[PDB]
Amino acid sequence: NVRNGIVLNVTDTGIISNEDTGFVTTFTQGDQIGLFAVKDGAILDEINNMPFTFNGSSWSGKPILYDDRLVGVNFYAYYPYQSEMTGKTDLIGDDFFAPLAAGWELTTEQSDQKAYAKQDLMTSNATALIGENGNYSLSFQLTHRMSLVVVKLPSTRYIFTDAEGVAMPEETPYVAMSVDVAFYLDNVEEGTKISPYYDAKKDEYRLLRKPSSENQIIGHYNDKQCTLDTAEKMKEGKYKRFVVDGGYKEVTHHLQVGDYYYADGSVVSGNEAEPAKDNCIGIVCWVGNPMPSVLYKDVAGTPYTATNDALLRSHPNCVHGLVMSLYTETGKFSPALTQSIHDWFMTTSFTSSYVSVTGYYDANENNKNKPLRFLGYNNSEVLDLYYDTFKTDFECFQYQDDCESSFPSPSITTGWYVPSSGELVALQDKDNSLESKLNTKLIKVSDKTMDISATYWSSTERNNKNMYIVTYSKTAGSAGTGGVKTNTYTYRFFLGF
């Protein structure tokens, strides 16, 4: 920091409620401000739209050295810096940045941090230099020149419990959030669609608007609509929050196998006599934490640890259970390969961070134990790594895409995957849970049940030509090695939540 060099500080006064701290900008590396110095009614040539960049810790630019000529000077700052400021300042009026604000062109494309930030105009009023004996600073207070729309759609936290009301352990709240969300300006049309900023942490949408604007914003979500009347609520530097149908709420639910699972992540009791078919994407088929490093923590030699647990790494919040798709089709899995996915995998740098898809040649578990483990999510990630290398369009990827297209998985889940042979075998028990707990629900929300006499694909590999395939009796599932990749068997997809 140059001797006699003026230090720059920038503070956002924040966007406050039209009716707390409000929305205060903290700034980030790369943000730029412009600085002006006005002396005796004229901008100083040396400090005329001078840019300063935030590096994550402080504001840097060309040093401004203190001089006695800076006594009585009015300093002004604005964000975001504009290369062209000709005619954007006013020396006569009482608002130096009045033309910048008047001509500020705001669009409805604000869906990412950069698209929003570049439109969030902030300015200071006349600021004095503080200091003496070579230690000087400029500390600006910035105010937002636009207005802000905040939308809070309805959401539901589920506290999943056992039959005694004891909450199951989790990493973060499980929240069902609105789906098929679209916002429109004044009327619903493809050309009037607007793109607000989605705050995933607060679960709310934000949109900068010109002060005194009066448009209706139409929101579509789930299967309904709302009208957000912004007229008279668009004050400069202030926000209006629209809470739609109660906003956030919390419920408790005894999570059980057979419960109905929906596109927004909501769950309905499997005892429901008339379940809604709309947006139903599957049935809860297993309750508990399905991470292999949790399930198999006490297995001899600890073959599953946090280091090689892809599910724990990619979706640490999915500790409640598994869902089976209403989706079902018959088809091929992949072409017959020269080199198995297992054999390819063992030649890569991924052997410490993933588990092989093989049920048969695993280095840590024998061919009796490995096909019984819950590893479908792992297997999907290993198959994605294989795809990234060879770009072979396996038929299983097309069925996965089709399941996702017809029954979109919630963003809070793993997404759909072909279950491992272990996950499929666990669908059946000695009390015929497949027919009694699953098919009795499937028939209420779908025209297809899980045929107990059918053969099901797993994502567990036998060799270069075969997958493990699962069959059932009325008392057990059985993982067999005869699943020739080019044969036709039945698909059911799973997701973790």
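Position 1 is the first residue in the sequence shown; the rest follow in order.
Legend entry - Where residue 19 meets residue 20 in the shown sequence, the number of deposited residues left unmodelled: Count of unmodelled residues in between: 4 to 9.
Inset, instruction - Check the entry's C-alpha temperature factors for 437-445 and 45-53, then say which stretch has the higher mean. - result: Comparing 437-445 with 45-53, the higher average CA B-factor belongs to 45-53.
Inset, instruction - For the higher mean C-alpha B factor in the entry, choose 300-308 or 322-330. - result: Higher mean C-alpha B-factor: 300-308.
Legend entry - Peak C-alpha temperature factor (PDB record), options 415, 134, 288, 165: Among 415, 134, 288, 165, the highest C-alpha B-factor in the entry belongs to 134.
Legend entry - Given 372, 243, 336, 207, the residue at which the Cα B factor reaches its maximum: Top of the list by C-alpha B-factor: 336.
Legend entry - Chain thirds of CA B-factor: placement of residue 393: Highest third of the chain for residue 393's C-alpha B-factor.
Legend entry - Chain-relative CA temperature factor third for residue 126: According to the entry, residue 126 has a C-alpha B-factor in the chain's middle third.
Inset, instruction - Check where residue 218 lands among this chain's C-alpha B-factors and tell me if it's the lowest, middle or highest third. - result: Middle third - that is where residue 218 ends up once the chain's C-alpha B-factors are sorted.
Legend entry - Chain-wide C-alpha B factor ranking for residue 473, given as lowest, middle or highest third: As the PDB entry reports it, the C-alpha B-factor of residue 473 lands in the middle third of its chain.
Legend entry - Lowest, middle or highest third - CA B-factor, residue 196: Tercile = middle for this residue's CA B-factor.
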